[PDB]
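The block underneath contains the structure these notes are about, expressed in structure tokens.
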Amino acid sequence: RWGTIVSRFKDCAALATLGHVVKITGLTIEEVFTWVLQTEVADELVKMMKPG
RNA sequence: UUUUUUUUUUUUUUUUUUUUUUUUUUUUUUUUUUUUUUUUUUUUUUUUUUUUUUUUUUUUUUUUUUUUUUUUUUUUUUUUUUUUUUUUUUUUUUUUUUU
């Protein structure tokens with residue numbers, strides 16, 4: 001698995017960004033989504049939260 | 001084009017640890033890096049006290065003149081051929097951006 005780890009979650013850095021900002025603040029995920037105050041960021045989050 | 005911790009094998013997280021220990025203390029004594037004795041200006045022969053003086057003197061003044069380290073005369077941008085006056089310009093362009 002040395003060398004092959006860079007294949008996992010390739011070109012998917014925004015999910016890791018969301019996880020890091022959830023863990024580094026101590027807030028729940030709903031509060032992290034609540035504290036967003038821009039329409040562009042909210043639209044990207046909505047497009048990133050496709051259910052299936 | 002695609003990407004976007006010059007992050008990541010999994011584990012881990014004191015550049016901690018045999019055990020025992022803790023004045024880079026200690027033989028016992030001792031405790032002026034004091035002392036023969038007796039002395040105590042790194043004073044003194046007696047004289048003496050301007051590292052003063054022959055006398056005379058006293059601008060490290062002076063021949064007499066003189067007194068811009070001025071001057072042929074003419075002059076007075078260390079200006080000028082005329083023309084000119086971004087040490088601008090082919091056209092097109094205008095992140096020393098980009099699969």
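A few remarks follow.
- Spin-label pair A:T4-A:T34: with each label point 7 Å from Cα along the Cα-Cβ axis, the two points sit 4.3 nm from one another.
- Those chymotrypsin sites (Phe, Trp or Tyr not before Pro) in chain A that DSSP places in a loop and that have at most 15 other beta carbons within 10 Å: A:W2, A:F9, A:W35
- Across chain A, the volume of the C-alpha convex hull divided among the residues equals 114 Å³ per residue.
- Put a dot 7 Å past the Cα of A:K50, heading toward its Cβ, do the same for A:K23, and the two dots end up 2.6 nm apart.
Neighbour counts run over all protein chains shown; Cβ positions are idealised from the backbone, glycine included. Values in this text are rule-based calculations from the coordinates and carry no lab data.
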